[PDB]
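*Asks:* Partial complex follows, first chain(s) only, in situ:
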Amino acid sequence: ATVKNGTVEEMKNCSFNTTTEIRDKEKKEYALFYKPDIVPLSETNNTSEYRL
Amino acid sequence: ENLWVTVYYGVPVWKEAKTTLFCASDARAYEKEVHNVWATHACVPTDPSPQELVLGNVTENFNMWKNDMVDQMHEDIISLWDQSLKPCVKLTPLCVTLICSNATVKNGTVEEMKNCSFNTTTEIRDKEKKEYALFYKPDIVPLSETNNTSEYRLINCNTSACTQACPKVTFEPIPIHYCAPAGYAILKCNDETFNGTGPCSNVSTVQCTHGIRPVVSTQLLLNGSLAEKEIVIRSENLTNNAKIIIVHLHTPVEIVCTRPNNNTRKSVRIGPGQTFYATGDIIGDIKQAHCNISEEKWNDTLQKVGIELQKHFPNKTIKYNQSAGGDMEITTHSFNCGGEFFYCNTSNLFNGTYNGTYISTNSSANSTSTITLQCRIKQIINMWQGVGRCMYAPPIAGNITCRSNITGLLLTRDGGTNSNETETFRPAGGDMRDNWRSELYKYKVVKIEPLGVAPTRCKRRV
Amino acid sequence: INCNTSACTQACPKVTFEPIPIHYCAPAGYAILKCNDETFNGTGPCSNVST
Amino acid sequence: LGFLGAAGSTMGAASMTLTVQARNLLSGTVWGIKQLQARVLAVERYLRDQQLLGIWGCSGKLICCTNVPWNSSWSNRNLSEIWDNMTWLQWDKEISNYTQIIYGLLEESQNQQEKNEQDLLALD
């Protein structure tokens, strides 16, 4: 969601899989994060994925 | 005349105090393992020494509610009994998608417990395997308000994280003294004619008190001390209905409860190196749990109590009525005995009328005249707030009987005015501060400052 | 072997089991005694007493 | 009479048996910080009061004299009333209003009682 001709350091929207109050009723979740608090998983082509 | 200011030490002078305290329980706090009995790290072997002694023309106001032993007793009960379930298994695996079925007497006058199953993670974390165990009927919430009549879950794990009460810890109410530190002294009265405040007549002093009973209940009062020969009512302000009346009798009325089902244990190994317990395949025919009370004596005790509340209510007739609405935790008589929790509704003790005419049961025609109390039973408990609420008691094996005595009642008045003759009297959800103040009110702790001043005609050399 | 009894734990390499010696000493008020005679089979009096 | 048995009776009858009220300030076991925080009461209560008694020059836990006179405005009653008829309770309750003055005078006046003891004892 980047504004390539911009100058602002905006946050990165991502999604993931989370437990719930029944431990085998999983469903995904979303929430945004400041970019200096997430590091990429691999130097490979599988870049879109990431992790805290 | 000429005299000089002169100093005395060891002066018998005191002030009302607040302070950190001791405990003392008799020899029965020491024989068993660590972490049971709950005084075995702490309490000193008591002695009634120094002996109880009379005082002269002493006059002090024993205010019942302006005290810190009740506060202290609550903080100590809570803070020791909150950490005292830390060394145990603490659940999380069981917060699952149970699956159920029918073993249900479709129209029975019964409040039976349910059979369901669940997928168990065995001690090795990647060999999952199914298992089953029964569950008392309130404890489980359906997974969904939809047509998911199969899918069921425990009522916890959405609110908190709980604990299976280790069997090594017994919940039984062992008698406890509390005691004050050296340099502080405790006071007492012997007279039965107390009313809550004011200057007491027969003042006395003890090093520290008699054996208190920490039991936990809401409506009635079980195992504990007693008055002697008159019914006495203690309260702050009879003007307002918002506050609790506490009723002490001269004689106790005789109560007993039982669970006739013959429960058995069904043991599973869950998680590495720890074991879950559950109610097993129930043996014999299903029967309903309950309590039993003597109809003749409870009615006579009502007849003897009415004259006390007519000390201050001669313009209106006494009548008893049901617990004033609310949920499971306030409407019922909810206490414990014998390693499991009962929930029993006492409406069949609190309706009637006393209107002056006392007509005795004697000579008794039926001494077996009883009125029964039907009960549900639980394993999961939310015992208080701010105590580490969520707990699970494993079920005790076999069948039990807990014959006990109604030491006192907690009641509450219902309104009425403008040509009303029908005020009435209902149960009270006494808090633990409104449980144990029945058994701590006698004592007040004072602080000595034995340095003093007095006249004297001394002229030792300059 | 475990995973049926209770949990285990790996001592970090810093916590070495160097049996590094230990003295003892009673508190003040109290004292320590000792005697040097070398015929004491568990009971009986002693002569060359020390502290 | 123990800790408080001498109370209630008059100072005529409580001018003696002073020691039983001050002889016991210890008993019991160990329960961590939560019970150890009573043990150090001796610092707050006993040792402080003993230092009070010492700087007044009244070492020895018995009756002791001073050089500071009485005042009629403080109490004003006849000798027998205070001395034999009343008890320590109301005596503490009433005279506690002026304890600051008594403490200050007994504190500062001790300098006048130890001023020049080097020369008053050198030639003896």
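*Replies:* Received the coordinates, thanks. Residues are numbered from 1 along each chain as shown, chains lettered A, B, ... in the order given.

*Asks:* contacts, neighbours, all on C-alpha from now
*Replies:* OK.

*Asks:* what sits up against the host helix or strand of residue D:104?
*Replies:* Taking DSSP states H and E as the criterion, residue D:104 maps to helix D:99-108. Residues outside helix D:99-108 that contact it (CA atoms under 8 Å, 6 or more residues apart in numbering or on different chains) are D:55-56, D:66, D:68.

*Asks:* hey, C-alpha coordinates of that helix in CSV?
*Replies:* Output of helix D:99-108 as CSV, limited to C-alpha atoms (Å, rounded to 0.1, in the frame of the first residue of the first chain):
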residue,chain,number,x,y,z
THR,D,99,3.5,16.5,77.3
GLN,D,100,5.4,18.5,74.7
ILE,D,101,6.3,21.1,77.3
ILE,D,102,7.4,18.4,79.8
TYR,D,103,9.5,16.7,77.2
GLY,D,104,11.1,19.9,76.0
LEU,D,105,11.9,21.2,79.5
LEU,D,106,13.3,17.8,80.6
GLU,D,107,15.4,17.7,77.4
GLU,D,108,16.9,21.2,77.5
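
*Asks:* buried residues in that helix?
*Replies:* For helix D:99-108, burial by neighbour count (16 or more other CA atoms under 10 Å in any protein chain shown) applies to residue D:106.

*Asks:* if I look at the residue located most distally from the centre of chain A, how far off is residue B:155?
*Replies:* Computed with CA atoms, centre = their mean, the residue of chain A farthest from its C-alpha average is residue A:22, at 24.1 Å. Residue A:22 sits 11 Å away from residue B:155, going by CA to CA, to the nearest Å.

*Asks:* How about the secondary structure of the residue in chain A that chain C sits nearest to?
*Replies:* In chain A, no residue comes nearer to chain C than residue A:23, which is 22.0 Å away by CA to the nearest CA. The assignment at residue A:23 comes out as coil when based on DSSP: H, G, I helix; E, B strand; the rest coil.

*Asks:* Double-check it against residue B:121; I have them as touching.
*Replies:* No - between residue A:23 and residue B:121 there is no contact under CA atoms under 8 Å: 11.9 Å.

*Asks:* Give the residues shared as contacts by these two.
*Replies:* Each of residue B:93 lies in contact with both residue A:23 and residue B:121 under the rule CA under 8 Å, 6+ apart.

*Asks:* Chain E comes next; put it on the structure above:
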Amino acid sequence: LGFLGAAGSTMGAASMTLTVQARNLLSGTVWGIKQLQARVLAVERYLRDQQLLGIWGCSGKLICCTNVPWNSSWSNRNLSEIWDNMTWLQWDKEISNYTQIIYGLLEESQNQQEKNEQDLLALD
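*Replies:* Putting chain E together with the chains above:
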């Protein structure tokens, strides 16, 4: 010679220089409660003996000799025997049975040595 520098000797041989014993009754540093019960142990032990000694008027650790005659039936042996023939161990084991009575006698008979020696002195 420290804590037990004269054990086993006669009474006269160790009735002076007791300072080397009494001067040291406190020790240690930090290991939480389980050690700190040895720091406040001084209150439990030293101050108890100190107040027992001071209540009799024997404040100051001299050879304090005050009131009560020595009943002959307690030992019945001559002055020289108890003074310089006996040692402390069996003497304590023999007389420890009656000290609780002796302290009560010493403290209850103490008030009669001070009841009137403040105001009759004023007349003098």
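
*Asks:* For the residue farthest from the centre of chain A, give me its contacts.
*Replies:* Residue A:22 neighbours (CA under 8 Å, 6+ apart): B:95-97, B:153, B:157.

*Asks:* biggest separation within these, which pair?
*Replies:* Farthest pair in those (CA to CA) is B:97 and B:157. Separation: 12.4 Å.

*Asks:* do you know how far the spatially most central residue of chain D is from residue B:450?
*Replies:* Geometric centre of chain D, nearest residue: residue D:53, 6.4 Å, by CA atoms, centre = their mean. As for residue D:53, its distance to residue B:450 is 11 Å (criterion: CA to CA).

*Asks:* Nearest the middle, which residue of chain A would you pick?
*Replies:* residue A:14 (3.2 Å).

*Asks:* from what I can see that residue touches residue A:34, true?
*Replies:* No - the pair residue A:14 / residue A:34 is not scored as a contact, 10.9 Å apart, by CA under 8 Å.

*Asks:* what sits against residue D:5?
*Replies:* By CA under 8 Å, 6+ apart, the neighbours of residue D:5 are B:53-55.

*Asks:* and it, what element?
*Replies:* Applying DSSP H and E, one finds residue D:5 in no helix or strand.

*Asks:* Report the separation between it and chain E.
*Replies:* Distance, residue D:5 to chain E, by CA to the nearest CA, to the nearest Å: 16 Å.

*Asks:* Report the beta-bridge partner residues of the closest residue to chain B within chain D.
*Replies:* Chain B sits closest to residue D:69 of chain D, with a gap of 4.0 Å, by CA to the nearest CA. Residue D:69 has these beta-bridge partners by DSSP bridges: residue B:4.

*Asks:* ok so, going back, can you put the contacts of residue D:5 in a markdown table and add distance to residue E:119?
*Replies:* Shown next, in a markdown table, are the contacts of residue D:5 (distance: CA to CA, whole Å):
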| residue | distance to residue E:119 |
| --- | --- |
| B:53 | 35 |
| B:54 | 34 |
| B:55 | 32 |
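
*Asks:* coming back round to it: what residues sit buried inside the helix or strand just after the helix holding residue D:104?
*Replies:* Next in sequence after helix D:99-108, counting helices and strands by DSSP H and E, comes helix D:110-113. Using 16+ other CA under 10 Å as the test for burial, helix D:110-113 gives residue D:110.
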